[PDB]
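What follows is a set of notes on a single structure, which appears directly below.
Chain IDs A, B, C, D and E follow the sequence of writing; residue 1 opens each chain.
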Amino acid sequence: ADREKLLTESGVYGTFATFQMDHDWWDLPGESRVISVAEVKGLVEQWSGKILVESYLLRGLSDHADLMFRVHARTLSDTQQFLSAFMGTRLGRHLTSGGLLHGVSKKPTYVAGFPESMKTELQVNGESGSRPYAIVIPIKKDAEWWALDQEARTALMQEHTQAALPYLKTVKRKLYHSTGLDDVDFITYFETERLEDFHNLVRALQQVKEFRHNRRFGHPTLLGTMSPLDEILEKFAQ
Amino acid sequence: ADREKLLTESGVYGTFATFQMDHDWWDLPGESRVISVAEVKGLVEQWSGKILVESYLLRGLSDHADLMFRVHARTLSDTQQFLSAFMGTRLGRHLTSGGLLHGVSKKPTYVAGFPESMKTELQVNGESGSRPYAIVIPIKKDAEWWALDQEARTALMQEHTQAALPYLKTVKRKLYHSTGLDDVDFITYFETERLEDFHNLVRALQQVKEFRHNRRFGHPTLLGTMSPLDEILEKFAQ
Amino acid sequence: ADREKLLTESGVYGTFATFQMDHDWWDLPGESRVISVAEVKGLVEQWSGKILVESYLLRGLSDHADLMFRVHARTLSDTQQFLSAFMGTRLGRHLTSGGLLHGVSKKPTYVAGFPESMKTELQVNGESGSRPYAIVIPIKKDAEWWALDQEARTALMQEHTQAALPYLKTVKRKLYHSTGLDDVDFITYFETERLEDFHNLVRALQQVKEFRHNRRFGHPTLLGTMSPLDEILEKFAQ
Amino acid sequence: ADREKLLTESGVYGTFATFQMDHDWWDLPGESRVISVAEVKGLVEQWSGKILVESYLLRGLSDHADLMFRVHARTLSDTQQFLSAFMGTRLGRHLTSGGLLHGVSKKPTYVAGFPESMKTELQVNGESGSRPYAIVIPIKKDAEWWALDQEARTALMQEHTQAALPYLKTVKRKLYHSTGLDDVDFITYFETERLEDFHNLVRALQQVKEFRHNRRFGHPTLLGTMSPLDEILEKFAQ
Amino acid sequence: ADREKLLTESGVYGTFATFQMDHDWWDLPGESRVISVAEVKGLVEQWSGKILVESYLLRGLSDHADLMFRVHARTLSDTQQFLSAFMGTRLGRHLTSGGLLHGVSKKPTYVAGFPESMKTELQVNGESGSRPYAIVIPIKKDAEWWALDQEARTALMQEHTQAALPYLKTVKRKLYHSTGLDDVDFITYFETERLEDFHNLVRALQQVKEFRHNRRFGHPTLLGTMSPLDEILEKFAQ
């Protein structure tokens, strides 16, 4: 349930941290790597009262990335301490850290201005499914977007939502407000069992006016498989 | 056969994975390099039930790139597992990635709106020919393209096709729909025995209105020769 | 006293130097790394008086960065000599640079044209807070900005200031004039205990007309926590 | 002798392959490096029946580049095999590729439409000179260029030529048609004993209408000295 | 005299070569590094007849840059051979390049069109100053600039000059014409004892109409201290 809180409540920080494993890790004996894995598992357990850590295998799906953590915390200083500790582990010392993005959860700004049927439909957000694919797309809006007033942006966001309606059940969505914490305005996060549905969702959105106000979209677009930390780290241990 | 199903059927994922051999590979004794080559060959055979792996010599034709795999799979999870295993082999650990792109095969979007005679012409796609050149060109369309309605895009794609007609036999083509899986919209893939024919094809298409709408075209443009994997890997065993 | 002077007076150079520890550092014997950390602490101590060095933990908050120095000096030569001496330490030898930016403090250009009530409220600048978050955002203005006359720019800066007013207490600010010393026009620096306040501040400023004139905004946006240097370097001697 | 043919006939591929030497090359004993230089010279001699290889010293004139080959071949397959063999030599194993561009020679497209006097003038193409400077400028045209009718492009290319006329004797020129083989449309190649004349030529062309149609010009602009291969390789055997 | 002629005469090539020292240079024993640094001074003296070499400490002022040479020669082949010879010293063997730019000195294009008073003012160029700061800014003009007639460009350059007149004494300047020798049109070089003056000069020039014709300005903007070589060399021997 407290996990559920971190994943759904407003005012929670989400951090996305990507890493590559060094060649000399694999040039290491599996026995020492099995110990290294236990160390990391230990550290995550240690931090489990303060933060939520979820793990994703990017190796073979995202260029120049092997591992991603999605970390939820009420204070970014907690996230900093965990990540710093993680990077100083025996395993962490052989990771080449890559990307790092942060954003905060907020109560919706526009939904209140939508038609009742659309507000009702928006109650649906993903479905049951084990070990889904996950996608992360950072976005920066253009200056023209911010110059628009709230009514105009509400209209454009209604169009966005309208195009997305066929994907409410098949794609789980989460939005993080990132401006000022790194070089992007939003971090978008998705889970799906059906990548072709996600692909179709993005194509649908490409047609809407709001999608013309993206100064930057992706770079990187991170694609991975969601799974237990143990299961991923085990692959790294063999 | 099932090879052909994977190469022709809709709903199949194609993955393009580029690699460059690190120089420290060459410090390994030749005998050790011989054994490492053998290991990759067996991994590929182990995966021969689930996925199709084809290999291309980029060395000496594409900057900063030695090897490309084109992998077809019904589930990207399988491609992930194969590439992660490959990257973990001793040969694999001495490769750096030069790119990783994915897309899905789809039934055509525009062809049904084409004249009936054009639909018939598109039944031809390449001809028999051993060890052709292969070219891969990633493409990202501009926002203006997606803003156009279906009728407009159909007419633009009819013009594209019209310009391409002389090349239907001499250049084999395949299109992958990539949006949402990486930072491009399409991966285009070609085979040809005559590069000057491919050059002339691209020149013909540069004139059509659909061309201005290519926000990104190439970067990289990958040029290689299609080859059995053993002959590529032999070079690194010398 | 003299520290407070360096931090508030005009004609003072502020330099922002970012560093990341290389891996092969962690291959050096433990007590070897304990001793190398001692060198840096004495080096920073020596240069006191001449220059002011403040340290920030970027590890786990900024991508590819562990440490940032903010250095204040009346003579940029002095900063050069310190940084070069720092980079030459055994610890320094294992660091890669993730950025180097300079700017000078100046008496305000526009404030004299603001309403008296605004001049008065700008007397507030942050509040007492230990170990705050720190954010650094480099900014390059477009050519159209410099083409505007002083009256036009004054109005735009009044609008900027108006949007920022709610945040005067909770966000400390400092501006550095950078044009000609590197590839940006300004370095902006902020401290806060409340990151969502800083986020909301930047969102407020995105709407003002002055914003569209930022040709470059961030790249990198640096986020860290203010810390004594010994606590940062400690992490590398584990 | 067929050398003259490869350098002048249509349908021939020119390839520009740039390399930078690893720093660890210098840790090798001089004796080892002497042997490795013989291996490269002999490889070029072995290939001299099939392809033409010319060598250029870029060290000290082009950033991040020591050596360039210009290779002419009837098929790129032969060039691929040569360059792959070259990269497999003892010396080649220590080189990092800094560029690889290909294009074909073609009979002129526009010259037939020029005045008779211009046609006659164009028969002059450089003059005798030992060890000239060489410059390679890759060029990509904008979409607007390809949208222009042939008559319009002819007029633009006549203006280009008109501006270049003063330089026919002091600057040798060669054009390669590259579209589809890499990320550029043209590779331009020049030889001159007088770099100020080449500078002044490019300045003359910057004013012509055809200039604005360059989406990309240079990046890199390669500057080198043409030299016997043995003289370039001697530097590395020191 | 000979020095002064190279620094003042037309038709002289100026080369700007930037270098960054490898990390593993410090893994080397102190005495090994002591000998290494000794042979560089003798090389410069060897070349004292043909070329002028001046040295600048970039370490701690310019990102990813330790040393710059400004080299003047009447033949760029000479500079090549010096820099090639330099990069093949035990010290040079450990240098990675961070930039290489060339340009030629020319008699002014526009000054003859200025008012006689402005012509007289331009006779002033800086003042004798020991160990000044040095700044290097590469510039590329847009196509629109080259499309303007001579009369129009003269007016724009008079405006440039007018804005710069207050800085004639405190900022020394030199202009190199670079087009065709690398990817920029101009190299600008400045010496000053007073960085805030230089900063203020660039600010004045940002306002003039000629400024919005700079397609590229900086990237990199190099900042350094002009220094005897021994003073830079010494730091690498610690």
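Convention: a residue touches a chain if its C-beta (ideal position, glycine included) is under 8 Å from a C-beta of that chain, and two chains touch if they have at least 3 such contacts.
With centres set at the average Cα position, the gap from chain C to chain D is 46 Å.
Per-chain Cα centroids separate chain B from chain E by 46 Å. For chain E, residues touching at least two other chains: there are none. Judged by the touch criterion defined above, the protein chains form a single closed ring in which each chain touches exactly two others. Beginning with chain A and continuing to chain C, the ring of touching chains reads A, C, E, D, B.
On the chain D side of its complex with chain E, the touching residues are 23, 26, 57, 59-64, 133, 135, 137, 195-196, 198-199, 201-203, 206-207, 211-212, 218-221, 223, 225, 235, 238. Of all residues in chain D, those touching chain B in their complex are 11, 17, 22, 76-77, 79-84, 87-88, 93-94, 96-97, 99-100, 102, 104, 143-144, 146-147, 177, 179-183.
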